[PDB]
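# Commentary on secondary and tertiary structure
The lines below spell out each chain.
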Amino acid sequence: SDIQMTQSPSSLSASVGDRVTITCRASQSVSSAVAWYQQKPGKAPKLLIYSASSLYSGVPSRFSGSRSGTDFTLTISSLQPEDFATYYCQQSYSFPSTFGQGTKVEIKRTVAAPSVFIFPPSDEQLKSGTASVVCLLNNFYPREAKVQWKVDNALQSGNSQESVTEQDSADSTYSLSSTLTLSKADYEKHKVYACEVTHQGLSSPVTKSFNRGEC
Amino acid sequence: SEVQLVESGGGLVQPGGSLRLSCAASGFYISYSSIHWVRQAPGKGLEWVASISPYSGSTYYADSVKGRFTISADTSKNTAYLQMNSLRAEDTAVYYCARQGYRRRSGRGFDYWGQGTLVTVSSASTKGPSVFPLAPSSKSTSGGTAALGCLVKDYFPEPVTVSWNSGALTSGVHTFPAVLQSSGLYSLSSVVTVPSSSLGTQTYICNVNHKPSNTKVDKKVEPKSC
RNA sequence: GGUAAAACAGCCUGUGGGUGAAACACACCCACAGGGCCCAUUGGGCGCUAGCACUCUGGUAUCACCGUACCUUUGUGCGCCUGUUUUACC
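Chain by chain, residues are numbered from 1 following the written sequence, and this numbering need not agree with the entry; no residue without coordinates is displayed. Each chain takes a letter, starting from A, and each ligand takes a number, starting from 1, following the order in which they are written. Hydrogens are left out, water is left out, and the side-chain values use all remaining heavy atoms of the structure.

By the method listed in its record, X-ray crystallography, this PDB entry was determined to a resolution of 1.9100 Å.

Going by the annotation in the PDB entry, the name recorded for chain B is Fab BL3-6 Heavy Chain, with synthetic construct given as the source organism.

Going by the PDB entry, chain A carries the name Fab BL3-6 Light Chain and comes from synthetic construct.

On to the packing of aromatic side chains, then. Only centres within 6.5 Å qualify two rings of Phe, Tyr or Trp (six-membered ring in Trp) as a pair; their planes then separate them into stacked at under 30 degrees, edge-to-face at over 60, and tilted for everything else. Overall, the coordinates contain 14 aromatic pairs over all chains when judged by the stated rule. Judged by centre distance (6.2 Å) and plane angle (40°), the rings of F63(A) and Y87(A) are tilted. Highlighted residues: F63(A) in strand β7 (residues 63-68) and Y87(A) in strand β9 (residues 85-91), separated in sequence by 24 residues. When sorted by exposure, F63(A) lands in the same class as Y87(A), which is buried. Each ring, one from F156(B) and one from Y186(B), has its centre 6.3 Å from the other, and the planes form 10°; the classification is stacked. Here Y186(B) lies in strand β18 (residues 186-195) and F156(B) lies in the loop between β14 (145-155) and β15 (161-164), a separation of 30 residues in the sequence. Whether a residue is buried, partly exposed or exposed follows from its accessible area with a 1.4 Å probe, protein chains only, as a fraction of its type maximum: under 20%, in between, or over 50%, in that order. Judged by its relative accessible area of 8%, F156(B) falls in the buried class. Three or more aromatic residues link up through ring pairs in this structure, and these residues are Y37(A), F99(A), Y96(B), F110(B) and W113(B). Numbering of helices and strands runs from the N terminus; a helix is a DSSP stretch of H or I covering at least four residues, while a strand is a stretch of E covering at least two.

Another aspect to go through is the protein's contact with RNA strand C. Residues and elements named next belong to chain B. Throughout, near means a residue has at least one heavy atom within 4 Å of the molecule or strand. Around RNA strand C sit 17 residues, and of these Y55, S56, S58, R103 and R104 come closest. For RNA strand C, the backbone makes up 37% of the atoms found within 4 Å of the protein, where backbone means sugar plus phosphate. For RNA strand C, a sugar or linking oxygen lies 2.8 Å from a polar atom in the side chain of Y55. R104 is positioned with one of its side-chain polar atoms (N or O) 2.9 Å from a phosphate oxygen of RNA strand C. Here the term charged refers only to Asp, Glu, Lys and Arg, the term nonpolar to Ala, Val, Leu, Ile, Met, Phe, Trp, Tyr, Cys and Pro, and the term polar to all other amino acids, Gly among them. Along the lines of polarity and charge, the residues of the surface near RNA strand C split into seven nonpolar, seven polar and three charged. Here a polar contact means two N or O atoms within 3.5 Å. Within protein one must be a hydrogen donor candidate and the other an acceptor candidate, and residues neighboring in sequence count only if both atoms are side-chain atoms.

Quick look at the interface of chain B and chain A now. The interface of chain B with chain A comprises 47 residues on the first partner and 46 residues on the second. Summing both partners gives a buried area of about 3,700 Å² for chain B against chain A, and 64% of it is carried by carbon and sulfur. Taken together, the connections running from chain B to chain A amount to nine residue pairs in polar contact. Looking at side-chain class alone, the side of chain B that touches chain A contains 22 nonpolar, 17 polar and eight charged residues. Contacts are assigned to residue pairs with any non-hydrogen atoms lying within 4.5 Å of each other. A 1.4 Å probe defines the accessible area here, and the buried area is the portion of it lost by two parts on being joined, summed over both.

Our next topic: the environment of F99(A). By secondary structure assignment, the location of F99(A) is in strand β10 (residues 98-99). For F99(A), a relative accessible area of 11% translates into the label buried. The spacing of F99(A) and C24(A) is 75 residues in sequence and 9.7 Å in space, taken between C-alpha atoms. Leave out the neighbours within four places in its chain, and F99(A) touches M5(A), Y37(A), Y88(A), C89(A), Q90(A), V38(B), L46(B), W48(B) and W113(B).

This part takes up the nonpolar core. Grouped together as the largest cluster of nonpolar side chains are 69 residues, with contacts concentrated most on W36(A), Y87(A), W37(B), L82(B), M84(B), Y95(B) and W113(B). Setting aside its immediate chain neighbours within four residues, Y95(B) contacts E7(B), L21(B), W37(B), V38(B), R39(B), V49(B), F69(B), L82(B), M84(B), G116(B), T117(B) and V119(B). For this analysis, a nonpolar core means a set of buried residues of the types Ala, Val, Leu, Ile, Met, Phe, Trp, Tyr and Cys, connected via side-chain atoms within 4.5 Å. In this structure, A112(A), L126(A), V151(A) and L180(A) belong to the second largest nonpolar core, which totals 22 residues.

Here we take up the side chain of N207(B). All names here are of chain B. Its place among the elements puts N207 in strand β19 (residues 205-210). In this structure the side chain of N207 is engaged in a polar contact, spanning 2.8 Å, whose partner is the backbone nitrogen of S166. One polar contact links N207 to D218, side chain to side chain, over a distance of 3.0 Å. For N207, the contacting residues outside a window of four places in its chain are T161, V162, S163, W164, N165, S166, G167, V217 and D218.

Turning next to the sheet that holds strand β18 (residues 192-198) of chain A. Residue and element names in this part refer to chain A. Here the rule is simple: two strands pair whenever DSSP picks up at least two bridges between them. The antiparallel open sheet is built from four strands, whose spatial order is β15-β14-β18-β19. If you trace the sheet from one side to the other, it starts and ends with β15 (154-155) and β19 (206-211), each paired once. Taken together, the six bridges between strand β14 (residues 146-151) and β18 define a ladder with antiparallel strand orientation. Pairing of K146 across the sheet is with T198, part of β18.

With that out of the way, let us pick up a nonpolar patch on the surface. A patch consists of residues exposed above 30% relative accessible area that lack any salt bridge, with like charges linked at up to 9 Å and nonpolar side chains (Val, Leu, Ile, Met, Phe, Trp, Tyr) linked at up to 5 Å. With residues, only the protein chains shown are counted as cover, and all accessible areas are computed by Shrake-Rupley using a 1.4 Å probe. Every case where a carboxyl oxygen of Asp or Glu lies within 4 Å of a side-chain nitrogen of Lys or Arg is listed as a salt bridge. Taken together, the side chains of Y29(B), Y32(B) and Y55(B) make up a nonpolar region of the molecular surface, amounting to roughly 410 Å² of accessible area. Following the sequence through the fold, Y32(B) ends up in the loop between β3 (19-26) and β4 (34-40).

Turning our eyes to something else, we now look at unusual backbone geometry. Residue and element names in this part refer to chain A. Here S8 and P9 are connected by a cis peptide whose omega angle stands at -5°. Structurally, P9 can be placed in the loop between β1 (5-8) and β2 (11-15). Cis peptide bonds are those with omega within 30 degrees of zero, and the linkage from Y141 to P142 qualifies with 0°. Not every positive phi belongs to a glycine, and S31 is a case in point at roughly 50°.

This paragraph deals with the pairing of strand β5 (residues 46-52) of chain B. Residues and elements named next belong to chain B. Burial analysis of β5 places six of its seven residues in the buried class, which makes it a mostly covered element. Hairpin connection from β4 to β5: five residues lie between these consecutive antiparallel strands, with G43 at a positive phi of about 80°. Pairing analysis gives three bridges linking β5 to strand β6 (residues 59-61), with the strands arranged antiparallel. Following the sheet pairing, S51 is matched in β6 by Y60. Hairpin connection of β5 to β6: six residues between the antiparallel strands, including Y55 at a positive phi of 70°.

Moving on, we get to the pattern of salt bridges. Residue and element names in this part refer to chain B. All told, the structure shown has eleven salt bridges over all chains when counted by the stated rule. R39 serves as the salt-bridge partner of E47, at 2.7 Å between the closest nitrogen and oxygen. Take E47: its relative accessible area is 32%, and that puts it in the partly exposed class. Among the charged side chains, a salt-bridge network with shared partners connects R39, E47, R68 and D91.

Here it is as structure tokens:
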């Protein structure tokens, strides 16, 4: 039966300087044939630890691995902002090789309110037939944020989509984009388009807006 | 760095079709190492696919791909391969090749990895994106910094690259994860923040690459006056 | 690698541990279990032999006895073959 590497926790948040512990539990003996990897958004995994407790060359010594029977632990002695990543254990004791489900490590930091910018649709988009209004929430913490679209003071529903960046490797912040999609014929039936943002860094919600045809 | 693994062969493929991925090595000779393939379905974890051992050519396969996939190693080209037949929707993933390092130096750890290549198994057809500007204004200005961007809309499949000023401009850049629209097409936007005083002098150009449709677009993003 | 000089090992079959750019396969090293053949059999020997030296156990011919020569067997040293390792010089 294929060997399973049960990894926990599925995610954690830790403030900078915290000691972080990640645990992997093999379903049967894997001797010491365990590797740990760090994977950053968009990038291939990088090797941190081999043979369960040996530090790969080039890897900062704040990373360390340990073994107790079938329990394997990765430790970060003092979490740094650049340590935001997903971490994976792997067994290389028998085929097929097996990875744990991964652990996404998030940085906890001080509250930061977003900067809020709105972008009216381009002339070039309009004559193709549709209209996108973009609301940009920049460099905020935490990730939770409310984006409300009002068109001539009427709330929108199912008319927008949101995308959120991965945590920033240097300042541990997030950015978000909400884009209101509207047909050209519909876009020209109304004048005011408003992005309304609620966030814990904001003492009261922030509205940015523009009037159609006057951008 | 010194050792590199350079992959190719990815792209859109019909369900039930086939693709061969290549893994070109540099800085070392694949004959002395084990070579592995590991995949990552979008949003998901690493999944080991196959390996090939040195000196014996022994090959090993995950059960999810056994009998459909074939790993091989052309030492005379210093290149490894993965032949993928009868591909299913569940084979969509980023595919990595990885070198298992030398026993005495890194155990059985995978010490070097390819930059990955995406295989989308889909009966849908490829469509290039439309790039629209997101102009800076007083409505994107705050405290001497201004935001401008590019809206990359209505494309398939993933991925698109976006750089700015041919990669001369990197800080302050945010390229957002793509979002899958109800039409079944993707769109994303890339924004950048710049000193507002530079909006008159400096030209900002976003460069959008969508290899599945041969598209390569440079679009200048100039200020509007709100 | 070449040269020179050494060391260690070598009946068969599996098994385990290790090393070789090495998870298996392969090569080599090192152990263990079981087995085979020879002997003078509570034990000892076996890389190979049409040879050599000596010795030893049984024979065969001389042959009154004694003594001699050949065969065989126990070993020892050679001769012959393989594997690995080491040193010096080039």
